[PDB]
Amino acid sequence: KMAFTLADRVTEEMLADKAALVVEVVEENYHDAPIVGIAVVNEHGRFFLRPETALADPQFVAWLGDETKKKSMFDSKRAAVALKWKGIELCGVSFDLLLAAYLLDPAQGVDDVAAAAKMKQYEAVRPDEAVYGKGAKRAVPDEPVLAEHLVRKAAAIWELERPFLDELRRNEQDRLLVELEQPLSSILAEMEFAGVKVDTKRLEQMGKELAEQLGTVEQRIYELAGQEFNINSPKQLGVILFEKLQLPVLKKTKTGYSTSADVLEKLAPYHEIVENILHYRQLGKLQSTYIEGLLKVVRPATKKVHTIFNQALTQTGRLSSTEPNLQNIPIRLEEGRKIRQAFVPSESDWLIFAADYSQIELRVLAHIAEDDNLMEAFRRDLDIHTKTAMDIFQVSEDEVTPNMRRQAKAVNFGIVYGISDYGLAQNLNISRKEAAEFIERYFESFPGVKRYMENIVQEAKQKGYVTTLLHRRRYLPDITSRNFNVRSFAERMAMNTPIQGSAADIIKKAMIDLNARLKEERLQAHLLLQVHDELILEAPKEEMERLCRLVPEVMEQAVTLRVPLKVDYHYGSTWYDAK
DNA sequence: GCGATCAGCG
DNA sequence: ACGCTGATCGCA
Ligand SMILES: [Ca+2]
């Protein structure tokens, strides 16, 4: 139905200096994945190209890499990385429909060109899943069906750029797309392609050691239970704990007895089995997710893992990381933290360098709320988390353990983001009236935070959404819900999204500024990971000392707030040492 | 496939 | 009855 040239070679008119481009990669993980087809729509027509012809044509390759040839795309990072795996560079991406749709309304869950086109009443294109199918049935269709689908996706991109930019501009989000998210996309593509090298001999050794400790704990559980059972089975675990052993029931799930760690911790006074269950789950989580899981996704020839940072998924503007998730590598228990010893530089005599923001969301909050005491606290470079721990546990500063700090940190964000007296009581193991008076007290010291909580909720009711400092947006239609519970979850999102999203805006700007600076100074250091407020790099050891001044400065100057930004930084031979 | 659970970020 | 996530596993 749609007209296009099914082309056997590349011609000059496919290389105009503006086009909609589709480089189709069907597999979810696009690392080292087939490119199944190419479409180009421009002023001279609509063209389908087979990748074996276009990607071996030197003039098409030059066009891909020419930054003065502008491409409109959907999910351009996916194309850029699949092309990098083919040894081909993509430059000149000036519009990315996925990131435009994400910015306009992250709740759409826009995952293909069709879902984005629907936002503008454009429906002359099919959903990807209708063309390829799902699951075992998923397949690349016959070439004429493939070619028209790719041409219709590019025809859509061609038509939708203008209405999407128009609405971005009305939302004050046009520079957010063109100067933040699209430059970031190219940077994430370099980080993903570069990968992180893994010491598989060390991982494998930790795996055999764990499997031994697992059995020993597993046997002691069976002997404390007086029988054998599937310790991972909540049916059986619940039966053992709360029927055979008659331990008190403190919580239920939709499906039975809860055995979450906070329940198990409150049962430690009653029976010794519960802490063995705890230790068992921790060892098995390390084994399942971080030894075996990692080794599954290590590319064996290079010993690299190549994550995918999803840039159009979270409702706040954060990234997430998938397959493997390199944003939740263990750190807090020393047994788990050692897995970070298997993450190593990718070259001899290079080192890992990790820099991260100190208390970023509370500094953002002090700026946005304009709370005098909170601003004054960060002007003094106070550690609110440690001060809060001192108060909670009635200890001196030197007595504050890492445990108490991250516990006090959960109270600090709990209170600003709407924890109730009940939940704070359960989290702190204190009475519900103490919990409530503690909350009254903290708002006595930070009344400007309290006003911000009330003001932001009123502003979401009036406007229908909340924004971040760089104008990221999140609609909250449930804020006017008649249902008490639904409305409440929406109010807590109103309190939290502008703070967490602004912290996301800042580190994203930090990454763009950092890359420009590294390039300007002609350094080999390059980014490997982002972990929400943390940047991890690797670099030749000859560069460590320059990076100790460069990276913190770049991150601290990314934005200017009414309080300073603070950055800590470490480097070492493995990710474990970069602390 | 989903819900409970737990690893991380604040 | 703080918010944002992803992987694994049993299935009440
Ligand atoms: Ca931090």
Side-chain angles (χ1 to χ4, degrees), chain A residues 106 134-135 230-239 251-264 277-278 281-294 296-297 307-310 313-333 335-337 339-340 356-365 384-385 406 409-427 432 435-436 439 453 474 484-485 488-504 506-507 529-534:
Chain A
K134 326 170 65 176
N230 177 9
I231 317 175
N232 307 45
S233 156
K235 299 271 299 252
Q236 300 178 255
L237 188 56
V239 164
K251 177 178 144 220
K252 307 205 171 201
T253 61
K254 285 172 67 186
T255 168
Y257 307 121
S258 174
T259 66
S260 51
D262 62 327
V263 161
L264 297 193
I277 288 161
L278 280 193
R281 278 165 177 182
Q282 290 171 354
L283 297 184
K285 181 88 150 180
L286 294 176
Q287 186 79 286
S288 293
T289 304
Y290 302 103
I291 300 295
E292 290 190 82
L294 230 22
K296 286 191 189 198
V297 292
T307 193
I308 282 170
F309 291 105
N310 315 295
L313 189 149
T314 72
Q315 302 302 294
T316 53
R318 285 196 166 179
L319 305 178
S320 71
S321 165
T322 299
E323 196 177 330
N325 183 345
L326 293 180
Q327 295 181 321
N328 68 339
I329 306 297
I331 205 179
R332 73 179 216 293
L333 308 161
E335 318 87 75
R337 183 193 233 250
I339 279 158
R340 289 170 184 242
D356 69 306
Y357 289 109
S358 180
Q359 299 169 95
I360 182 60
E361 264 186 50
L362 295 172
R363 295 173 184 260
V364 166
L365 174 63
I384 297 295
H385 298 322
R406 35 212 224 261
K409 162 189 309 189
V411 183
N412 284 136
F413 297 115
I415 292 169
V416 304
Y417 300 142
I419 193 172
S420 63
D421 59 331
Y422 180 77
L424 179 58
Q426 299 305 309
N427 193 105
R432 201 164 146 189
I439 292 173
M453 295 173 67
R474 183 179 192 188
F484 167 78
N485 217 49
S488 306
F489 274 89
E491 289 171 354
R492 295 191 300 272
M493 296 180 175
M495 305 170 189
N496 176 83
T497 286
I499 313 302
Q500 191 190 109
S502 294
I506 297 173
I507 188 149
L529 301 179
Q530 189 252 48
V531 192
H532 310 308
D533 67 336
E534 185 166 40

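Numbered from 1 within each chain, the chains take letters A, B, ... in sequence-line order. Atom set for the values below is all heavy atoms of this structure, side chains included, hydrogens, waters and symmetry mates excluded.
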Between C1' on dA4(B) and CD1 on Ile231(A), what's the gap in Å once rounded to a whole number? 17 Å
Nearest heavy-atom approach of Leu264(A) to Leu278(A) is CD1-CD2, 3.6 Å
Pi stacking test for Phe413(A) and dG3(C): under 5.5 Å apart, planes under 30°: no
Any N or O donor-acceptor pair under 3.5 Å from the base of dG3(C) to the side chain of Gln500(A)? yes
Under 4.0 Å, counting only non-hydrogen atoms across every strand here, what does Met493(A) touch: a base, just sugar-phosphate, or nothing? sugar-phosphate
Please work out if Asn485(A) contacts a base, only the sugar-phosphate, or nothing of the nucleic acid, heavy-atom cut-off 4.0 Å. sugar-phosphate
Search all heavy atoms of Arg474(A) against all heavy atoms of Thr316(A) and return the closest pair with its distance. NH1-CG2, 4.3 Å
State whether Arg492(A) places a side-chain N or O below 4.0 Å from either non-bridging phosphate oxygen (OP1 or OP2) of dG3(C). yes
Hey, is the side chain of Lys251(A) poking within less than 4.0 Å of OP1 or OP2 on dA1(C), counting only N and O atoms? no
Look at the side chain of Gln359(A) and the backbone N and O of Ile384(A), then say whether any donor-acceptor pair between them is shorter than 3.5 Å. yes
If you check every side-chain atom of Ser260(A), which of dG8(B), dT5(C), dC6(B) has the closest atom? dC6(B)
Using ring centroids (six-membered ring only for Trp), state whether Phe413(A) and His385(A) fall under 6.0 Å. yes
What nucleic acid atoms does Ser258(A) come within less than 4.0 Å of, heavy atoms only: base, sugar-phosphate, or nothing? sugar-phosphate
How is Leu362(A) classified with respect to the nucleic acid when contacts are heavy atoms under 4.0 Å: base, sugar-phosphate, or nothing? nothing
Do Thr289(A) and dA7(C) share a donor-acceptor pair, side chain to base, under 3.5 Å? no
Give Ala410(A) one of three labels, base, sugar-phosphate or nothing, depending on what nucleic acid heavy atoms sit under 4.0 Å from its own. base
Of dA1(C), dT5(C), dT8(C), the nucleotide closest to the side chain of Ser288(A) is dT8(C)
Does a side-chain N or O from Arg318(A) land closer than 4.0 Å to OP1 or OP2 of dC4(C), or not? no
Over all strands shown, is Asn325(A) touching base, sugar-phosphate only, or nothing at heavy-atom distances under 4.0 angstrom? sugar-phosphate
Nearest of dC11(C), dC4(C), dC6(B) to any side-chain atom of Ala261(A)? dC6(B)
Kindly say if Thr253(A) contacts the phosphate of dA12(C), meaning a side-chain N or O under 4.0 Å from OP1 or OP2. no
If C1'-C2'-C3'-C4' is positive it's north, if negative it's south, so which is the sugar of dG10(C)? south
Write down the distance between CG (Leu283(A)) and P (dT8(C)), rounded to a whole number of angstrom. 18 Å
Rounded to whole angstroms, how far apart are CG on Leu237(A) and P on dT5(B)? 9 Å
Check whether any side-chain nitrogen or oxygen of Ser233(A) sits under 4.0 Å from OP1 or OP2 of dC11(C), and answer yes or no. yes
Let's see if you can work this out: which of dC4(C), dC6(B), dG6(C) has an atom nearest to the side-chain heavy atoms of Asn496(A)? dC4(C)
For residues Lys251(A) and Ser260(A), report the shortest heavy-atom separation together with the two atoms involved. NZ-OG, 2.9 Å
Phosphate OP1/OP2 of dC4(C) contacted by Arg474(A) side-chain N/O (<4.0 Å): yes
Using a 4.0 Å heavy-atom cut-off, does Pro234(A) contact any base of the nucleic acid, only the sugar-phosphate backbone, or nothing at all? base
Between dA1(C) (P) and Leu424(A) (CG): distance, integer Å: 16 Å
So which nucleotide from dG6(C), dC11(C), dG10(B) ends up closest to the side chain of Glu361(A)? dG10(B)
When you measure from the side chain of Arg363(A) to the backbone N and O of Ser358(A), does any donor-acceptor pair fall under 3.5 Å? yes
Identify whether any heavy atom of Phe489(A) sits under 4.0 Å from a base atom; if not, whether one sits that close to sugar-phosphate; answer base, sugar-phosphate or nothing. sugar-phosphate
For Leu319(A), report the nucleic acid contact type (base, sugar-phosphate, nothing); a contact means any heavy atom under 4.0 Å. nothing
Closest approach of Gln315(A) and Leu313(A), non-hydrogen atoms and distance? NE2-O, 3.3 Å
Could you check which of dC4(C), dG10(C), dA7(C) has an atom nearest any side-chain atom of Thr314(A)? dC4(C)
Under 4.0 Å, counting only non-hydrogen atoms across every strand here, what does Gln426(A) touch: a base, just sugar-phosphate, or nothing? nothing
Looking at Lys235(A), does any N or O in its side chain come under 4.0 Å of the phosphate oxygens OP1/OP2 on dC11(C)? no
Would you say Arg281(A) places a side-chain N or O within less than 4.0 Å of OP1 or OP2 belonging to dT5(B)? no
Spacing of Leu529(A) atom CG relative to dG8(B) atom P, expressed in whole Å: 16 Å
Considering just the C1'-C2'-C3'-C4' torsion, please state whether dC2(C) has a north or south sugar. north
Checking all strands, does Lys296(A) fall into the base, sugar-phosphate, or nothing category for heavy-atom contacts under 4.0 angstrom? nothing
What's the closest nucleotide to the side chain of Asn232(A) if the choices are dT8(C), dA7(B), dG10(C)? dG10(C)
Do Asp533(A) and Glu361(A) pass the side chain to side chain contact (heavy atoms under 4.5 Å, CB included) test, and can you show the C-alpha distance, the side-chain angles, and the key distance before you say yes or no? CA-CA 9 Å; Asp533(A) 67 336; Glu361(A) 264 186 50; over 6 Å; no
Looking at every non-hydrogen atom in both residues, tell me the closest pair between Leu326(A) and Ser321(A) and how far apart they are. N-OG, 2.9 Å
Rounded distance in Å - CG (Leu333(A)) to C1' (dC6(B)): 11 Å
To the nearest angstrom, how far is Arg340(A) atom CZ from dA7(B) atom P? 13 Å
For a quick check of understanding: with a heavy-atom distance under 4.0 Å over all strands, which category does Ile329(A) fall into, base, sugar-phosphate or nothing? sugar-phosphate
Round to the nearest Å and state the distance from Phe309(A) atom CZ to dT5(C) atom P. 16 Å
Taking only side-chain nitrogens and oxygens of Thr259(A), does any of them come within less than 4.0 Å of OP1 or OP2 of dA4(B)? no
